[PDB]
């Protein structure tokens, strides 16, 4: 219904356009050629995945992790906050370092810093812009940056525009690769050996595409061994930790008691906190560096009063414990899914033959917590078939494919939210087991859902 119409519109958007542009102006011809590159791999994006918003599919795909958007709970606190300031000055006035600073945003920043165990907080209009500010303003000429290969797009962008001339990736979440990257970097830079410059380590506390967790404590001990003079600093992107991990949602750094061991933290508002924005946490030196050397921040308008107030409302709900039941339900639902799927009659065979692969589901019991992110893998030649199967079963997931990941690394990403139900998880597990069975049957002799999409294409 809505699923089929969203899917027909998607199919039509992949039809090549350059053959109809032969007499158009050069400028538009060449843009439609560039769009045709993405169309030619059925990867052109247009209107996204929205069947869940109309209730026509289960939401196993959105970033509304605590369901604070879905329930209106954030909206009600946001409106309460605006009602406590009936004469509020909506407009900031300009740049945060020119006409745009004001008492309310500084007070809200300090509330958040205090709740999260940091000396200061600086507000941005997104997590992406916070990472841009960090890696353009913080690294010094002669510094080196050592980063997990799977840091966010905005970190890669920020590092590429950085003053630091040494940037080293290491294999994702691999402690031996981290040690080798640190060792090799320290040993090849005289200014790092003598301690006149620093190694900046960039990690995510929870990884957007894989759902695993940064071994922060272990990486800190390694950093101290390779850098006896202490000339290093960690930067932790907690986009997918805040609200989900730790008591009252303080995130992974505070949960591990590392708030004084991590120089820079980024906590964003676009996922569990159900709005937009972010704060960068650090001491006054870090904050003043951002205000003076992050060109991106200097040259943009400071947040309006409503944008600050909605962030305060999110933190209000967290700080007062109003989110703890939802945060706990994520844990329950995710483990509920792990137990159900790994207990299915087909789980062993499908994992053996490579038909299904859910790495976060392996050894989840040896974890102090699970995360809301469940990437699900099949054979690379089956990935669209898996998505089509879930889609036609009215389960909304996000397909992950080139250009978001390399060709041949495609998957689907299931997001488990606080407002999901055990019945929905039951339906997800059954639906997954159907797909696994259909493929096991085919290999021992096109799946039905793909047949259906391919029929729509032929139409």
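Positions refer to the first chain, counted from 1.
Enquirer: Between residue 445 and residue 446, determine how many residues of the deposited chain lack coordinates; answer none if the chain runs continuously, otherwise 1 to 3, 4 to 9, or 10 or more.
Expert: Going from residue 445 to residue 446, the model skips 4 to 9 residues of the deposited sequence.
Enquirer: Mind pulling up the entry and telling me whether 349 to 357 or 105 to 113 has the higher mean Cα temperature factor?
Expert: Comparing 349 to 357 with 105 to 113, the higher mean C-alpha B-factor belongs to 349 to 357.
Enquirer: Between 73 to 81 and 319 to 327, which has the larger average Cα B-factor in the PDB entry?
Expert: Between 73 to 81 and 319 to 327, it is 319 to 327.
Enquirer: Quiz for you: based on the deposited Cα B-factor, which of 436, 17, 24, 9 is highest?
Expert: Answer for 436, 17, 24, 9: 436, with the highest C-alpha B-factor.
Enquirer: Among 240, 389, 152, 229, where is the Cα B factor highest in this entry?
Expert: Within the set 240, 389, 152, 229, 229 shows the top C-alpha B-factor.
Enquirer: According to the PDB entry, is the CA B factor of residue 423 in the bottom, middle or top third of its chain, that is, lowest, middle or highest?
Expert: Highest third.
Enquirer: Sorting by Cα B-factor within the chain, modelled residues only, which third would residue 51 end up in: lowest, middle or highest?
Expert: As the PDB entry reports it, the C-alpha B-factor of residue 51 lands in the middle third of its chain.
Enquirer: Going by the CA temperature factor in the PDB record, which third of the chain does residue 167 belong to: lowest, middle or highest?
Expert: According to the entry, residue 167 has a C-alpha B-factor in the chain's middle third.
Enquirer: Please place residue 301 in the lowest, middle or highest third of its chain by C-alpha B factor as given in the entry.
Expert: It belongs to the lowest third of the chain when residues are ordered by C-alpha B-factor.
Enquirer: Within this chain, which third does the Cα B-factor at residue 285 fall in: lowest, middle or highest?
Expert: Ranked within chain, residue 285 CA B lands in the middle tercile.
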